[PDB]
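Comments concern the structure below.
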Amino acid sequence: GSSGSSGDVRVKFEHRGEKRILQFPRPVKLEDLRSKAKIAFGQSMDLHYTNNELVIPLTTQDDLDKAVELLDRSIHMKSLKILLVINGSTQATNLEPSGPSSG
């Protein structure tokens, strides 16, 4: 079931010339983007998306949420350009919560 009108987020991947397009129905999840890219290629790789001229390594949700929100608003930009870069192995493959708040 799709929560809302049919509106996914086309994410184009890039690895040593190679390319891989994906579809993630908002709200988009950082883990989802990686998971897929990992299944498509079959190797652990980071997700680096370029906004305009610089490169922003999607490490935390904040980055993704900002990349998905800026994409929609952005007219010129068609999709979220991503750049897959080899890494090696995972560190905290075991997802965990967090309570970032002072009092």
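Is it fair to say residue 83 is in a helix (DSSP H, G or I) and surrounded by 10 or more Cβ atoms within 10 Å (Cβ to Cβ)?
Against the criterion (in a helix (DSSP H, G or I) and surrounded by 10 or more Cβ atoms within 10 Å (Cβ to Cβ)), residue 83 does not qualify.
Looking at 14, 31, can you tell me which residue is surrounded by 10 or more Cβ atoms within 10 Å (Cβ to Cβ), assigned to a helix (DSSP H, G or I) and in contact (Cβ under 8 Å) with a residue 40 or more places away in the chain?
Only one candidate passes the filter, namely 31.
Across region 20-67, what is the total count of residues that are within 13 Å of residue 87 (Cβ to Cβ), among the aliphatic types (A, V, I, L, M) and touching a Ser or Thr at 6+ places or on another chain (Cβ under 8 Å)?
0
Considering only region 62-80, state which residues are closer than 18 Å to residue 8 by Cβ and assigned to a loop (DSSP other than H, G, I, E, B).
74, 77, 78, 79
Would you mind finding the one in 93, 60 that is loosely packed, with under 13 Cβ neighbours inside 10 Å, in contact with a helix residue (DSSP H, G or I) (Cβ under 9 Å, 6 or more places away or on another chain) and among the β-branched types (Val, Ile, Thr)?
Going through 93, 60 in turn, just one is loosely packed, with under 13 Cβ neighbours inside 10 Å, in contact with a helix residue (DSSP H, G or I) (Cβ under 9 Å, 6 or more places away or on another chain) and among the β-branched types (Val, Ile, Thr): 60.
If you go through region 86-103 one residue at a time, how many are part of a loop (DSSP other than H, G, I, E, B), over 21 Å from residue 27 (Cα atoms) and not hydroxyl-bearing (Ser, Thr, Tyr)?
Count: 8.
For neighbour counting, all protein chains shown are included, and Cβ atoms are generated from backbone atoms with ideal geometry for every residue, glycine included. Any read-out appearing in this document is the output of simple, stated calculations on the displayed coordinates, not a laboratory observation.
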